[PDB]
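Everything on this sheet refers to the single structure shown next.
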Amino acid sequence: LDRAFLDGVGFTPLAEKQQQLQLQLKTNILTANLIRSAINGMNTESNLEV
Amino acid sequence: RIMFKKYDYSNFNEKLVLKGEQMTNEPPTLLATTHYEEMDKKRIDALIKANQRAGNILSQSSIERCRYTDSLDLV
Amino acid sequence: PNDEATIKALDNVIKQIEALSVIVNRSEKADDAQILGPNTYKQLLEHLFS
Amino acid sequence: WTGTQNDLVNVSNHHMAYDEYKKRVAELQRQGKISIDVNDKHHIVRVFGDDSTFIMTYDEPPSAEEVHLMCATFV
């Protein structure tokens with residue numbers, strides 16, 4: 001029933017989230033901050049099932 | 001228009017750095033707006049003097065075309 | 001790409017702040033104020049009869 | 001010493017011209033034309049041999065026809 005009724009999903013794409021993270025975490029590029037590196041490899045192909 | 005940082009005219013050693021652009025329709029307020037006719041007549045007389053001794057190059061075309069030079073834009 | 005997408009926000013946050021001194025310092029700042037002018041009452045329509 | 005002499009003479013008469021241009025501008029201001037509140041603060045004269053330039057700064061920028069009036073008065 002949930003699958004049949006919950007048709008779409010609402011979320012913000014990755015680009016905006018990365019921009020916000022960059023603005024909030026004002027750090028020079030070329031410094032190897034793993035907080036920024038880890039998120040850069042994400043995606044939301046699977047959001048409906050989750 | 002090209003925008004620069006404020007420049008201190010007093011210190012000769014001062015340098016300029018560029019900062020951005022802005023589009024503007026205001027024509028530059030140079031001189032010759034007061035003496036527009038005095039220069040138009042002068043240049044047209046120079047051109048007709050050159051043409052009269054020359055091979056009759058249709059002065060009407062020259063007078064019509066010389067006015068094209070100031071209808072340009074900085075883009 | 002994130003840098004290319006955030007440079008526009010940076011350009012806004014710097015120009016829309018530090019270049020507004022140019023327009024602000026321009027003469028005839030906002031509008032007329034503190035100065036009043038003459039006026040008169042406006043007649044209405046009555047159409048009386050006896 | 002040709003360049004030194006040229007720049008010494010060029011920077012000399014500029015001061016004497018500015019001195020009387022100030023008087024003429026003050027005359028126009030008391031009558032109704034350039035208007036008050038259009039007064040320069042720093043003026044810098046730069047001389048390179050014969051050629052020379054004159055730069056004057058203002059707090060409130062005069063309108064377009066004011067620039068023509070003051071330039072004509074100076075010239």
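Here's how to read the names in the structure tokens: chain A, B, ... by the order shown, residue numbers from 1 in each chain, ligand numbers from 1 in the order shown.
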Next item on the list: List the neighbours of range 62-70 of chain B out to 12 Å using only C-alpha atoms; skip same-chain residues closer than 2 positions along the sequence, and give me the result as number ranges by chain.
Entry: B: 27-28, 36, 40-41, 43-48, 50-51, 56-60, 72-74
Checklist line | Residues flagged strand (DSSP E or B) by DSSP in chain B, as a ChimeraX atom specification | finding: /B:2-4,18-21
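If you count only C-alpha atoms and ignore residues fewer than 4 places along the chain from residue 68 in chain D, what sits within 8 Å of it is residues 31 and 34 of chain B; 64 and 72 of chain D.
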How about saving the chosen residues, N, CA and C atoms kept, as an mmCIF file, in the first residue's frame?
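Generated output (again.cif):
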data_model
loop_
_atom_site.group_PDB
_atom_site.id
_atom_site.type_symbol
_atom_site.label_atom_id
_atom_site.label_comp_id
_atom_site.auth_asym_id
_atom_site.auth_seq_id
_atom_site.Cartn_x
_atom_site.Cartn_y
_atom_site.Cartn_z
ATOM 1 N N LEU B 31 33.539 66.980 -24.611
ATOM 2 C CA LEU B 31 33.228 68.252 -25.239
ATOM 3 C C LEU B 31 32.752 67.989 -26.666
ATOM 4 N N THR B 34 28.883 71.084 -27.487
ATOM 5 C CA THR B 34 28.602 72.501 -27.671
ATOM 6 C C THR B 34 28.994 72.975 -29.067
ATOM 7 N N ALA D 64 25.647 66.970 -16.194
ATOM 8 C CA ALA D 64 26.365 66.995 -17.465
ATOM 9 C C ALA D 64 26.637 68.417 -17.937
ATOM 10 N N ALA D 72 34.282 75.108 -20.133
ATOM 11 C CA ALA D 72 34.348 76.311 -20.953
ATOM 12 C C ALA D 72 34.940 77.472 -20.171
#
Check: What's the 10 Å shell around residue 37 in chain D, counting only C-alpha atoms, without same-chain residues fewer than 3 positions away, as an NGL selection string?
Finding: :D and (29 or 34 or 40 or 58-62)
Residues of chain B that have any atom at most 10 Å from an atom of chain D: could you tabulate them with the shortest-distance atom pair and the distance in Å to one decimal, using only C-alpha atoms, ordered by chain and increasing number, as a Markdown table?
| residue | atom | partner | partner_atom | distance |
| --- | --- | --- | --- | --- |
| B:9 | CA | D:44 | CA | 7.4 |
| B:10 | CA | D:44 | CA | 7.1 |
| B:12 | CA | D:46 | CA | 9.7 |
| B:28 | CA | D:64 | CA | 9.4 |
| B:29 | CA | D:64 | CA | 6.4 |
| B:30 | CA | D:68 | CA | 8.2 |
| B:31 | CA | D:68 | CA | 7.0 |
| B:32 | CA | D:68 | CA | 9.5 |
| B:33 | CA | D:68 | CA | 8.8 |
| B:34 | CA | D:68 | CA | 8.0 |
Write the residues of the preceding selection, restricted to N, CA, C and O atoms, as a PDB file, in the first residue's frame.
ATOM      1  N   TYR B   9      44.134  59.797  -6.107  1.00  0.00           N
ATOM      2  CA  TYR B   9      44.843  60.571  -7.150  1.00  0.00           C
ATOM      3  C   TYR B   9      46.118  61.167  -6.555  1.00  0.00           C
ATOM      4  O   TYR B   9      47.101  61.329  -7.290  1.00  0.00           O
ATOM      5  N   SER B  10      46.115  61.431  -5.249  1.00  0.00           N
ATOM      6  CA  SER B  10      47.268  62.118  -4.611  1.00  0.00           C
ATOM      7  C   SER B  10      48.557  61.300  -4.706  1.00  0.00           C
ATOM      8  O   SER B  10      49.560  61.862  -5.164  1.00  0.00           O
ATOM      9  N   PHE B  12      51.275  59.287  -6.268  1.00  0.00           N
ATOM     10  CA  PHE B  12      51.653  58.898  -7.654  1.00  0.00           C
ATOM     11  C   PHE B  12      51.861  57.380  -7.725  1.00  0.00           C
ATOM     12  O   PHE B  12      51.496  56.778  -8.755  1.00  0.00           O
ATOM     13  N   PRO B  28      29.121  59.224 -23.086  1.00  0.00           N
ATOM     14  CA  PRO B  28      30.188  60.006 -22.451  1.00  0.00           C
ATOM     15  C   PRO B  28      29.966  61.494 -22.666  1.00  0.00           C
ATOM     16  O   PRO B  28      29.620  61.938 -23.762  1.00  0.00           O
ATOM     17  N   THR B  29      30.167  62.265 -21.602  1.00  0.00           N
ATOM     18  CA  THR B  29      29.939  63.708 -21.640  1.00  0.00           C
ATOM     19  C   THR B  29      31.255  64.440 -21.898  1.00  0.00           C
ATOM     20  O   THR B  29      31.753  65.225 -21.090  1.00  0.00           O
ATOM     21  N   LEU B  30      31.807  64.177 -23.076  1.00  0.00           N
ATOM     22  CA  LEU B  30      32.997  64.876 -23.532  1.00  0.00           C
ATOM     23  C   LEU B  30      32.601  66.272 -24.000  1.00  0.00           C
ATOM     24  O   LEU B  30      31.468  66.721 -23.817  1.00  0.00           O
ATOM     25  N   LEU B  31      33.539  66.980 -24.611  1.00  0.00           N
ATOM     26  CA  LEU B  31      33.228  68.252 -25.239  1.00  0.00           C
ATOM     27  C   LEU B  31      32.752  67.989 -26.666  1.00  0.00           C
ATOM     28  O   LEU B  31      32.407  66.861 -27.028  1.00  0.00           O
ATOM     29  N   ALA B  32      32.694  69.045 -27.476  1.00  0.00           N
ATOM     30  CA  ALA B  32      32.231  69.049 -28.861  1.00  0.00           C
ATOM     31  C   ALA B  32      30.730  68.842 -28.977  1.00  0.00           C
ATOM     32  O   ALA B  32      30.200  68.884 -30.090  1.00  0.00           O
ATOM     33  N   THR B  33      30.022  68.614 -27.872  1.00  0.00           N
ATOM     34  CA  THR B  33      28.568  68.703 -27.910  1.00  0.00           C
ATOM     35  C   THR B  33      28.116  70.149 -28.047  1.00  0.00           C
ATOM     36  O   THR B  33      27.077  70.419 -28.662  1.00  0.00           O
ATOM     37  N   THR B  34      28.883  71.084 -27.487  1.00  0.00           N
ATOM     38  CA  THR B  34      28.602  72.501 -27.671  1.00  0.00           C
ATOM     39  C   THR B  34      28.994  72.975 -29.067  1.00  0.00           C
ATOM     40  O   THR B  34      28.291  73.793 -29.667  1.00  0.00           O
TER      41      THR B  34
END
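One distance worth recording is that between CA of residue 39 in chain D and CA of residue 21 in chain B, which is 28.9 Å.
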Hey, what's within 8 Å of range 1-14 of chain C if we count only C-alpha atoms and toss same-chain stuff fewer than 6 positions away? As a PDB file with N, CA, C and O atoms, in the first residue's frame, please?
ATOM      1  N   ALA A  15      24.088  19.024  -6.011  1.00  0.00           N
ATOM      2  CA  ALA A  15      24.891  20.204  -6.309  1.00  0.00           C
ATOM      3  C   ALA A  15      24.667  21.300  -5.278  1.00  0.00           C
ATOM      4  O   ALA A  15      25.623  21.903  -4.776  1.00  0.00           O
ATOM      5  N   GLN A  18      26.332  20.391  -1.935  1.00  0.00           N
ATOM      6  CA  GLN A  18      27.774  20.609  -1.975  1.00  0.00           C
ATOM      7  C   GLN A  18      28.111  22.092  -1.930  1.00  0.00           C
ATOM      8  O   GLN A  18      29.081  22.490  -1.278  1.00  0.00           O
ATOM      9  N   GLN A  19      27.325  22.927  -2.615  1.00  0.00           N
ATOM     10  CA  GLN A  19      27.566  24.365  -2.549  1.00  0.00           C
ATOM     11  C   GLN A  19      27.390  24.890  -1.129  1.00  0.00           C
ATOM     12  O   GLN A  19      28.208  25.682  -0.645  1.00  0.00           O
TER      13      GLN A  19
END
From the DSSP assignment of the backbone, select every residue of chain C that is alpha helix (DSSP H), and format the answer as an mmCIF file with C-alpha atoms, in the first residue's frame.
data_model
loop_
_atom_site.group_PDB
_atom_site.id
_atom_site.type_symbol
_atom_site.label_atom_id
_atom_site.label_comp_id
_atom_site.auth_asym_id
_atom_site.auth_seq_id
_atom_site.Cartn_x
_atom_site.Cartn_y
_atom_site.Cartn_z
ATOM 1 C CA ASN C 2 30.981 23.531 -7.608
ATOM 2 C CA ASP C 3 33.514 26.365 -7.789
ATOM 3 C CA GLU C 4 32.022 27.504 -11.099
ATOM 4 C CA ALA C 5 28.562 27.451 -9.500
ATOM 5 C CA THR C 6 29.587 29.283 -6.318
ATOM 6 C CA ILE C 7 31.577 32.046 -8.023
ATOM 7 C CA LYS C 8 28.284 33.612 -9.116
ATOM 8 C CA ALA C 9 27.065 33.691 -5.509
ATOM 9 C CA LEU C 10 30.393 35.192 -4.433
ATOM 10 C CA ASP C 11 30.182 37.768 -7.233
ATOM 11 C CA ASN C 12 26.706 38.715 -6.032
ATOM 12 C CA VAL C 13 27.680 38.912 -2.361
ATOM 13 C CA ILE C 14 30.653 41.158 -3.156
ATOM 14 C CA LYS C 15 29.273 43.415 -5.912
ATOM 15 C CA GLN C 16 25.790 43.854 -4.433
ATOM 16 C CA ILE C 17 27.534 45.057 -1.253
ATOM 17 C CA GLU C 18 30.727 46.950 -2.088
ATOM 18 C CA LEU C 20 26.399 49.770 -4.025
ATOM 19 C CA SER C 21 28.453 52.642 -2.637
ATOM 20 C CA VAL C 22 28.597 53.816 -6.264
ATOM 21 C CA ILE C 23 24.822 54.134 -6.661
ATOM 22 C CA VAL C 24 24.329 55.222 -3.036
#
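Taking CA of residue 7 in chain B as the reference point, CA of residue 25 in chain D is found at 26.4 Å.
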Note to self: So that I can see what lies close to range 2-12 of chain A, please list as a ChimeraX atom specification the residues with an atom at most 8 Å from it, counting only C-alpha atoms and leaving out residues fewer than 2 positions away in the same chain.
What the structure shows: /A:14,16-17,47-48
